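K.L.:
This one's experimental. Sequence and coordinates below.
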Amino acid sequence: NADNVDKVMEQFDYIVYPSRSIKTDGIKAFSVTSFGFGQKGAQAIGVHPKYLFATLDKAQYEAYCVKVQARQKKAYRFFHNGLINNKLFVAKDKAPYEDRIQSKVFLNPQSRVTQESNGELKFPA
Amino acid sequence: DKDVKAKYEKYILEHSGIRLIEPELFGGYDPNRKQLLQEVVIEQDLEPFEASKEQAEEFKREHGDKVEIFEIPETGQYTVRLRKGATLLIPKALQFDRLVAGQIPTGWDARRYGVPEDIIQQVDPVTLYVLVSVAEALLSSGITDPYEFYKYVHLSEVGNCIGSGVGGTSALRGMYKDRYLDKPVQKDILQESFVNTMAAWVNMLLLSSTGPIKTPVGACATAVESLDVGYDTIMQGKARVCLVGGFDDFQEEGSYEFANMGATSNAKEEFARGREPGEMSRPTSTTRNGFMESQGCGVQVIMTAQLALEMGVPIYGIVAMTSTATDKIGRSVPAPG
Amino acid sequence: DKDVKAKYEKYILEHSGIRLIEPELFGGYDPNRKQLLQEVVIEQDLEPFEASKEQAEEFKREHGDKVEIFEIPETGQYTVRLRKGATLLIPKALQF
Amino acid sequence: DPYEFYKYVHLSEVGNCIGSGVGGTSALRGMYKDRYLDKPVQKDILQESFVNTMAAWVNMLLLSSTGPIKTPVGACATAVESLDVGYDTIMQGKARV
Amino acid sequence: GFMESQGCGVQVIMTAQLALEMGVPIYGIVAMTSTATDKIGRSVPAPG
Amino acid sequence: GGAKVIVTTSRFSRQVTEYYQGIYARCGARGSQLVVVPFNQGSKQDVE
Amino acid sequence: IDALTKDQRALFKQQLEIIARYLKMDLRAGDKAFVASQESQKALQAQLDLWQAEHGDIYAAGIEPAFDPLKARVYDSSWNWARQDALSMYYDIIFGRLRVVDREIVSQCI
Amino acid sequence: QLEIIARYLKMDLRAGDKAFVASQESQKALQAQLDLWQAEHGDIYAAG
Amino acid sequence: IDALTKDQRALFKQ
Amino acid sequence: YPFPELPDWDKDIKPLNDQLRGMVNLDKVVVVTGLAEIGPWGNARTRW
Amino acid sequence: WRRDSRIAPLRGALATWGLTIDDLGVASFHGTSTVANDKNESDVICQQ
Ligand SMILES: NC(=O)c1ccc[n+]([C@@H]2O[C@H](COP(=O)([O-])OP(=O)(O)OC[C@H]3O[C@@H](n4cnc5c(N)ncnc54)[C@H](OP(=O)(O)O)[C@@H]3O)[C@@H](O)[C@H]2O)c1
């Protein structure tokens, strides 16, 4: 909808306003900026994933990549099941812990959930 | 599959995007008849109607001199006659200029996704967007059961920072208007008008976390302020994973209000300019005049890179920085600085 | 200063703290008459009132079948008569 | 004078984190009810119904700071959530006051 | 049941450093703060 | 060329608007200007 | 039935009339003025039907004015489309959408 | 008096004025279109 | 019967 | 159901590994792993 | 004490000034005079 960019915007050398999509060799970092009522200005800078991975050893990164691609296969499965059977959203009916355990679970920072015989996740009693 | 495109594309495009407001999507709102009420002072008695003894009293309480009520000795009913001088409210309608608004596709329902009927009935539509959103957002991140988080992390490290400008606009109307009008309305509508009730429902239905809940109201910018809040929260040990985003709905009362401020674009005037709904919104244009109302939410889940890699979840980007900023001294609240 | 306590204390304590709601402090709210509105369907025509041409239209827009408006050929004003079937709003009050 | 803060600190280090459960209840009514009733009502009432417009007015009248503004809605507990928010915000360099 | 009431409450907060440097009164140290959600439920108003 | 021209369309759409934009985006030399406008040459009134 | 009542109606209709007479108001003044305007609304459609006949529907359609200064669209922002078409071409080459051959590149460059 | 009698006789007194206003609206969409022909063609042509 | 007359009563009550 | 494209170690990441290895505390790096929306154009997928 | 599995954030924040839970003298309660919020509050602060 870039009819015709306002002549005012010419003076901003560092900004170029594209009226059509451009496929590039890549983008490294971006800046989103929003402003709000009552002097509410915010800005966030996001940087490309590769740069995080460059912290790791090919050893690590490649171990992770196998994890990811396994997840995607679960995800893929789920998403398709959901579309068909209208279950992309599943309401939980009970917390992970029986009420008996609750206070304890809350208070022990180690307590974690183990997969169960029915594929479900619960805290061990 | 091959036919889908032919059968439906035309419709799909016509009933999504920035389009003419569709009243069905808003319980009958039609900018072309904006209902108001005008106080009239009756200059006559008007004829009697029957009423319960209780209602009669109610009427007499409010009107006094200007109402007569008497028993029907036969059926314990009563009769209400307003007298001259009494005050009445007569509906009238207006032709509002904001005919166009960007609205969720004509047909979308949180039920297709699997939100339970009872929860559908109980909560503000806003929450429904937020619920579905967070659900699809957890999938995009490879989490099927949010409980998986509690394989790697303690209950107190999944955080919830979703906000909005004024969410629960339907419930809001329900208590400030629909209740005054004596229309059938929930007892708990107050619950669903709070900005953080959305966040609450997310936790009461999916993540049963004792994590933090910092929920922001940064008007047009909440969604970023939210990212910021979750960010800080995570880098202070409060949490390792964290839902973030913003939401807000489209409402008769909202749309009308923005128009009074001068922020939205006058559809009628833009139609006079040969514009089309959709050609309406031109961010950098010369002809740009005002913004476009729209609805919905947006969410991103966020984590420490460590927990991310350890879990083995997708990584879309690095939140390199966030921040919020006030401008100078002024008197124009809506002004950008 | 010495008198302050005697002149004002009694009042000051009575008009602060947890107390009976004081309508002046709330533009007239009085829990003892919680105003509502009830929809009534008029079962008669009710008499005409004058209105601006614009207002008349507004009324006719909302009511249609159930309202008649006509010019006053003399002052460009209009006349609004709601007809039987029209819908009205009558105030009532509650004891909260 | 709140400007004294700008003897020791930069405009961008005075922060504003005041919140509420649903503030601007009067303006709220004014637009959801008083307007429907055609009662005489401001054009900008929408402004004054936002939880953060309170915070805004504080900054537009006293502290002319380019500091942060994280404004919270934690219902009955906002006031503490607020303390928390300002706390974190300060311990992350975002602000000093 | 509880009692409705009205008004606000404010505290200004600083780094101890900036506090001492300025030379402003010190009423206390915010030693800790935190927010906490409870378990899965359906009662929104319930305390956990 | 650096030409400023006024173009008429008797089928003034968005699509038609966009089209002429597409043009000027790719032809509009320095100094040029495109001004599109609805018009019906079948109408004496329009002409004048 | 209806005759035991048709005296009533008659009685009241006369009632109504003499009251009107007293109030000095023509009851049929509305119907009169209506008939009236509905006659002039014929001399109209009369003349209108002439034009319609002498010229036909398509012509009738085709002479309808359509020019409106408010619908005018001005495109003049060359400076921007430049840097675009510039940056656009750059990547074009890097992916081979533009090969050095193609007359296209020439054109774009000009 | 007059009104309640009318009501009894089941007759709208203003039904005439109502229908009049009505036809006097359609008599505008007419003169509207008619004014077009008149404008596009002029008097002498109209005559001719 | 009573409806062929209930218009009367109505008329006169008014 | 596409996750984001994982970069190629050699072509894309290797070239920076030298400077950036262990140069960042992964427990104080904040990362977006999830994405979704509902709006006038649908979910983030259709919207894109 | 930041993220130490062996130190409650309460311990932590307190110990950093040379104090233990025993030094925690006054607890200000929400205590809203509602039936449940007052059981709960005590219960939480107590278990704590
Ligand atoms: N090509 C040949 O061999 C040849 C030979 C002799 C003469 N010509 C002349 O070339 C000129 C261009 O025509 P063309 O043959 O190249 O293409 P064309 O297909 O005849 O183009 C006609 C154009 O005229 C516009 N138009 C149609 N009705 C109109 C109306 N009622 N009011 C205003 N504009 C209207 C339309 O533009 P919009 O879509 O924008 O409304 C349409 O694109 C004509 O004058 C034609 O006589 C061409």
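P.N.:
Thanks, I have the structure now. Numbers count the residues shown, from 1 in each chain, chains lettered A, B, ... in the order given.

K.L.:
which residue does chain F bring closest to chain B?
P.N.:
With CB to the nearest CB as the measure, residue F:14 is the residue of chain F nearest to chain B, at 4.5 Å. C-beta: built from backbone N, CA, C; applies to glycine.

K.L.:
My guess is that residue contacts residue B:280. True?
P.N.:
No - counting by CB atoms under 8 Å, residue F:14 sits too far from residue B:280 to count as a contact (10.2 Å).

K.L.:
hmm, back to that, how far away is the residue of chain F closest to chain B from chain H?
P.N.:
Between residue F:14 and chain H the distance, using CB to the nearest CB, to the nearest Å, works out to 27 Å.

K.L.:
Skip ahead from the longest helix along chain B and say which helix or strand is next.
P.N.:
With secondary structure taken from DSSP state H, chain B has its longest helix at helix B:125-139. Beyond helix B:125-139 in the direction of the C-terminus, DSSP states H and E gives the next helix or strand as helix B:149-152.

K.L.:
Centre of the chain to that next one, how far?
P.N.:
Using CA atoms, centre = their mean, to the nearest Å, the distance from the centre of helix B:149-152 to the centre of the chain it belongs to is 33 Å.

K.L.:
Which strands and helices lie in contact with the helix or strand just after that helix?
P.N.:
Scanning the chain past helix B:149-152 towards its C-terminal end, the next helix or strand to appear is strand B:158-164 (assignment: DSSP H and E). Using 3 or more CB pairs under 8 Å, 6 or more residues apart in numbering or on different chains; DSSP states H and E as the contact criterion, the elements in contact with strand B:158-164 are helix B:125-139, helix B:195-205, helix B:222-234, strand B:241-248, strand B:296-304.

K.L.:
Convert the C-alpha atoms of strand B:158-164 to PDB, please.
P.N.:
Listed next in PDB are the C-alpha coordinates belonging to strand B:158-164 (Å, rounded to 0.1, in the frame of the first residue of the first chain):
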ATOM      1  CA  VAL B 158       7.500 -21.200  33.600                       C
ATOM      2  CA  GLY B 159       6.400 -17.600  33.600                       C
ATOM      3  CA  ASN B 160       3.400 -15.800  32.100                       C
ATOM      4  CA  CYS B 161       3.700 -12.200  30.900                       C
ATOM      5  CA  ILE B 162       0.900 -11.700  28.400                       C
ATOM      6  CA  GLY B 163      -0.700  -8.300  28.400                       C
ATOM      7  CA  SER B 164      -3.000  -5.900  26.600                       C
END
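
K.L.:
starting at the chain centroid, how far to that strand?
P.N.:
On the basis of CA atoms, centre = their mean, strand B:158-164 sits 17 Å off its chain's mean C-alpha point.

K.L.:
for stretch B:63-71, same thing?
P.N.:
41 Å.

K.L.:
Tell me which residues are up against it.
P.N.:
Applying CB atoms under 8 Å, 6 or more residues apart in numbering or on different chains, the set of residues contacting stretch B:63-71 from outside is B:51, B:53, B:56-57, B:59-60, B:77-87, C:91.

K.L.:
Turn the helices and strands packed on strand B:158-164 into a markdown table, columns for mean neighbour count and distance to chain K.
P.N.:
Output for the helices and strands packed on strand B:158-164, formatted as a markdown table (neighbours: other CB atoms under 10 Å in any protein chain shown; distance: least, CB to the nearest CB, whole Å):
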| stretch | mean neighbour count | distance to chain K |
| --- | --- | --- |
| helix B:125-139 | 26 | 24 |
| helix B:195-205 | 25 | 16 |
| helix B:222-234 | 28 | 11 |
| strand B:241-248 | 28 | 14 |
| strand B:296-304 | 26 | 10 |
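
K.L.:
nearest to residue F:46, of those?
P.N.:
Checking these against residue F:46 by CB to CB gives strand B:296-304 as the closest, at 43.0 Å.

K.L.:
The closest one near chain J anywhere?
P.N.:
Yes - in terms of CB under 8 Å from any CB of the partner chain, part of strand B:296-304 sits within range of chain J, namely B:296-304.

K.L.:
check contacts around residue B:17.
P.N.:
Residues near residue B:17 by CB under 8 Å, 6+ apart: B:102, B:278, J:40-41.

K.L.:
Thank you kindly, that will do.
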